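**Student:** If you read the sequences in order, they're chains A, B and C.
Here the working numbering is used: the first residue of the first sequence is 1, the next is one more, and so on.
Here the working numbering is used: the first residue of the second sequence is 81, the next is one more, and so on.
Here the working numbering is used: the first residue of the third sequence is 161, the next is one more, and so on.
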Amino acid sequence: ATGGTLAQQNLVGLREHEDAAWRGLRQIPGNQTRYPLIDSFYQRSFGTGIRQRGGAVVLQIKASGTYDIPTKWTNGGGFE
Amino acid sequence: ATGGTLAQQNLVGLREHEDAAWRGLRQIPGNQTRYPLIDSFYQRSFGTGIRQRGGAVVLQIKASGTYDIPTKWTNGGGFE
Amino acid sequence: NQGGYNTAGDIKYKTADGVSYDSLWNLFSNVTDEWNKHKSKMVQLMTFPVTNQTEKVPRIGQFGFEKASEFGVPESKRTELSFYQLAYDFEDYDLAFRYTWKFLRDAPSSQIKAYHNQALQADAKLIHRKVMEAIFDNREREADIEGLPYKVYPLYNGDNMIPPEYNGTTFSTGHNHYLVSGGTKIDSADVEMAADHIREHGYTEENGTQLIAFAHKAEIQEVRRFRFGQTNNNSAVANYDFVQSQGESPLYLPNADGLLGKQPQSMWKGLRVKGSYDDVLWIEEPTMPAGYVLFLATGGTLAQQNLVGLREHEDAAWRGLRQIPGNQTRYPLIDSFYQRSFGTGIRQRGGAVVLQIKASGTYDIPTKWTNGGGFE
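#1: Specify, as a first and last residue, the run of the beta strand (DSSP E) that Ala256(C) falls within.
#2: For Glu226(C), return the contacting residues in chain B, with the cut-off set at a CB-CB distance below 8 Å.
#3: So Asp249(C) packs on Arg471(C), CB below 8 Å; how close in whole Å?
#4: Do the CB positions of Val513(C) and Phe455(C) come within less than 9 Å of each other?
#5: What is the residue span of the alpha helix (DSSP H) that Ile287(C) lies within?
#6: In chain C, which residues lie less than 8 Å from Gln123(B) when you measure between Cβ atoms?
#7: Check the Cβ of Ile28(A) against every Cβ in chain B and list those closer than 8 Å, keeping chain order.
#8: Could you give the distance in angstroms between the alpha-carbon of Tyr313(C) and the alpha-carbon of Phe159(B)?
#9: Under the DSSP definition of a beta bridge, which residues are partnered with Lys311(C)?
#10: By how many angstroms is the C-alpha of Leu462(C) removed from the C-alpha of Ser242(C)?
#11: Can you find at least 3 beta carbon pairs, one from the stretch 310-330 of chain C and one from the stretch 475-491 of chain C, that sit closer than 8 Å?
#12: Along the chain, where does the alpha helix (DSSP H) that runs through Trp195(C) open and close?
#13: With distances taken between CB atoms, is the gap from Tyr115(B) to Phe46(A) smaller than 9 Å?
#14: As a quick exercise: from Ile372(C), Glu215(C) and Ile525(C), pick the residue whose alpha carbon is nearest that of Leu205(C).
#15: Give the secondary structure of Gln381(C) by DSSP, where H, G and I count as helix, E and B as strand, and everything else as coil.
#16: At what residues does the alpha helix (DSSP H) containing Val351(C) begin and finish?
#17: Among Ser270(C), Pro323(C) and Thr239(C), which residue has its Cα nearest to the Cα of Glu360(C)?
#18: Taking 8 Å as the cut-off, does the CB of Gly521(C) come closer than this to any heavy atom belonging to the ligand SAH?
#19: Based on the DSSP secondary-structure assignment, which residues constitute the bridge partners of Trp22(A)?
#20: Closer than 6 Å by C-beta to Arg44(A): which residues in its own chain qualify, once you throw out the five before and the five after it? Chain order, please.
#21: Going by CA-CA distance only, name the one from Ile108(B), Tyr147(B) and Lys152(B) that's closest to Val233(C).
#22: Closer than 9 Å, CB to CB, is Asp99(B) near chain C or not?
#23: Please confirm whether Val453(C) has its beta-carbon closer than 9 Å to some beta-carbon of chain B.
#24: Take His97(B) and list the residues in its own chain whose beta-carbon comes closer than 7 Å to its own, dropping the five residues that flank it on each side.
#25: Please identify, using Cβ separations under 8 Å, the residues of the stretch 302-333 of chain C that lie next to chain B, in order along the chain.
#26: Write down the C-beta distance between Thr504(C) and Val291(C) rounded to the nearest angstrom, noting that I regard them as a contact closer than 8 Å.
#27: Is it true that the stretch 413-421 of chain C meets the stretch 296-305 of chain C, where meeting means three or more beta-carbon pairs spaced less than 8 Å apart?
#28: Can you tell me where the alpha helix (DSSP H) holding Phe263(C) begins and where it ends?
#29: Determine the contact status of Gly3(A) and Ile50(A), defining contact as a CB-CB distance below 9 Å.
#30: Quick check on the burial criterion: 16 or more other C-beta atoms within 10 angstroms. Buried or exposed for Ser332(C)?
#31: Tell me the DSSP secondary structure of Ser183(C) in three-state form.
#32: Which first and last residues belong to the beta strand (DSSP E) in which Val514(C) is found?
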C-alpha cells in the first residue's frame, strides 16, 4: 500500500540510537596503530520492525504447502 | 610516647618518592582504548619504618605463649 | 446515633417554663469542642502529609589496591545499586442531612447551624480514629493505587521484612513491635524492654531523639512508683527511678543519694508531662485504652518526620471536607451531603512500640481501633 489516509508512512520502521554521537555510519580509530600493523573500524548500529502488519502482502509462487523464507533474507544467515 | 625532648616527632616515617611527578595518588591512562575494551589505572607509592624503636610498646592480653600479629595488620596479605 | 428526615414534630418551640429552644440551640451553633480540639492535636503531632521518596538507599561496596609490578597490570573493580519504596491507603466517607419543607420553614436557624458544627466534629472523630488504628491495628493492608495492588504496613508485626542493620546488630525475619507484658500490671522490665526495642533501630538519645510514652492513668500510677533497686510488680527490679515533671504535686526526695534521672520540663509539644523513667517522657493520655502503652520516637537525626502518613486525593478539588449539594431539593424533601476522603500508612516501621499489659498469649487490637469496627 501507499499514500491516502492509512499509508502516510511506509511499511518498515528503521530505529537508530537516541544519541547523535551514536547515529550514522561512524569510524573508530583502531587498536593497532602505526608499526608494524595498522587497523581501523567502521560501525553502524540500527534495527527494523513492521508497524502496518496489514499494509503489505508477500506472495510465494509454488504448487502446494508451507511458505519458505528466502535463504538470501534469512535473519542470521548472512550480512550485506 | 608523645611530645617533650625525645618524642618531638611522630613514630612512623612515610617515605614518598624523591620526584614530585611520582608523589601522591596518580592516574595512568591505561592501554586498552576506545574499542572494544577500555581501561585506566590508579597508582600510589610509599613505604614505612620506625626510628624511635623504644617510643612505643604493644601489649597483647592472652594467657600464655609468644606475641601474635593482628590478622588485620599482618604484612603478608591484604591491602585494607 | 439518631437518623432519618427532620420533620415538623421534631421542632420544639419553648420549654414548659417558657425558655425558647432557639436560645438553647444557639449555645451549640458556634462553639468549638475541647475534646475534639484534643483529638485534632493528637492527629497534628502524630501525622505527616504524604510526599514521595525512596527508602534509605543501601551503601555501595568499597575498593582496595593491589601490590604493583613492572611487567603485569592490576585486576579490575566494580559495584552496583538498589532501592525501594512504600505506599499509603485511601478511602471515601460521607454523611447526609435530609429535611422536609415544613421543617425548614418552622425550625430555628440555630438548629441548622448546630448540625453543621456537629458535621465538622464528626470529621475530627473520623480522622483521629483512622490515624490511631493505623498504629494499633497490627495487620498488613492491601491497597489498589491506579489499578495496581500495593501492601501498606503497621509497625514491625512478626512479618518477613528484616529491619536494616544498625551499628553491627543484624535483625531476623519475625521482628515485632506489638509486645505483650507477660503480667497483669506493668513493670520496669517491660518499660526498659519496650524502649530498647525502639533504640536498637537507631532513635537513641545520642542521635538527639526524645522517646515519649502515652499511657492511661492505671499504668502511669504503677510507673511513677518505680525507684532504683526496689522491687516492682511481677518481681522486676528498677534500674532507674521515676522523676516527676517540675509542675507536679510536691514530693520528698527519699535519700541523700538523689534520684537517677533528669527532671522533665512541664510540657512536651503543648501536652503536660507526668515525669520520666529511663530517658522516656510519660504523658497521661485520655484517648488511650486501659491495658496499652504507645512508645514513640521523636526528633534527632532519624525521627524528624511524624509516624503516620496522611494521603489525601491527588486533585485539590477533592481535598478537604466538602459539601455536595444533594439530589432531593426545595419541596417536599431536601437533602445535602458531606464527603471526605483520605487514608494512612506507616513509613518508619520501627519508630514506635505498642505494649499490651496482659498475663499471657498474643497481642489484642484495642476494640475502639480495630480497622473494620466503625467511624466514631
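All C-beta atoms in this analysis are idealised placements derived from N, C-alpha and C, irrespective of residue type, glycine included.
**Tutor:** Result, derived from the coordinates:
#1: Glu251 to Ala256
#2: Per Cβ cutoff of 8 Å: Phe159.
#3: 7 Å
#4: yes
#5: Its alpha helix (DSSP H) spans residues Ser269 to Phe296.
#6: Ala228
#7: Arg114 and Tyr115
#8: Linking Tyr313(C) to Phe159(B) through their CA atoms gives a straight-line distance of about 44 Å.
#9: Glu302(C)
#10: Cα-Cα distance, rounded: 21 Å.
#11: no
#12: Element bounds for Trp195(C): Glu194 to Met206.
#13: no
#14: Taking only the C-alpha atoms, the option nearest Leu205(C) is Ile372(C).
#15: helix
#16: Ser348 to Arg359
#17: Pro323(C)
#18: Here there are no bound small molecules, and the ligand SAH is not part of this structure.
#19: Answer is none; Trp22(A) lacks a bridge partner.
#20: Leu25
#21: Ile108(B)
#22: no
#23: Using beta-carbon distances, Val453(C) does not count as an interface residue toward chain B, since no partner is under 9 Å.
#24: Taken in chain order, the residues that qualify are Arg103 and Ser125.
#25: none
#26: Contact annotation, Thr504(C) with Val291(C): C-beta distance approximately 6 Å; criterion of less than 8 Å satisfied.
#27: In short, these stretches do not touch, since the Cβ pair count stays below three.
#28: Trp261 to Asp266
#29: no
#30: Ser332(C) is classed as exposed because its beta carbon has fewer than 16 other beta carbons within 10 Å across all chains shown.
#31: helix
#32: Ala512 to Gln516
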